[PDB]
Amino acid sequence: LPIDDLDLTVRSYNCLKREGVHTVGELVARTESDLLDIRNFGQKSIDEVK
DNA sequence: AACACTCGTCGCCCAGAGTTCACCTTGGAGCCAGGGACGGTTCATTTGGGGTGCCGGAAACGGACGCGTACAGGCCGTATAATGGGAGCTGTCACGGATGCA
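Going by this note's numbering, the first residue of the first sequence is number 1430, and it counts up by one from there.
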């Protein structure tokens, strides 16, 4: 499933589509620590992803 | 061994990336209405053409028909005198019985 299908807000889509994350399969493959590593990552994005 | 200087690190503070959320337009995509000319169809010619069955007959042609020639096979005759075969090579044994003689 793509991350857009999760019907989320501005920042998470922006910071994901620049770097080529297209699905939630790679997102569930990546752990919370491996996804929070990104510079200027929103804590609200962390909350919604968790 | 005693003494007086300059550099990451972090937080914090303001501006937009660019994204979402969310407002007006206008070229529509199509839907329908109307008008050819057009190509498909059909039907009048149209006499240009294919057509032909048979023949006078001319000439080939297939064969009959009669009459010559050709070797193949057959018949026939040869007048000094010429008057009874070469050849075969045979080392069996058993043995039953006829068999020409006993």
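The C-beta atom is built at its ideal place from N, Cα and C for all residues, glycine as well.
Please work out which residues of its chain come closer than 6 angstroms, Cβ to Cβ, to residue i, disregarding the five sequence neighbours upstream and downstream, and give them in chain order.
i	result
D1434	none
Thinking residue i and residue j are a contact (beta carbons under 8 angstroms), I'd like their distance in whole angstroms, please.
i	j	result
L1464	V1453	Their Cβ separation, rounded to whole angstroms, is 11 angstroms, which puts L1464 and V1453 out of contact at 8 angstroms.
Among all the DSSP beta bridges, which residues are the ones paired with residue i?
i	result
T1452	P1431
Which same chain residues end up closer than 8 angstroms to residue i when comparing Cβ atoms and leaving out the 5 residues on each side of it in sequence?
i	result
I1432	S1441, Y1442, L1445, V1450, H1451, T1452, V1453, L1456
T1460	none
Between residue i and the rest of its own chain, which residues show a CB-CB distance below 7 angstroms, the 5 nearest in sequence each way excluded?
i	result
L1437	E1477
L1430	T1452, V1453
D1466	none
When we look at the beta-carbon of residue i and count the other beta-carbons within 10 Å, is it buried (16 or more) or exposed?
i	result
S1474	buried
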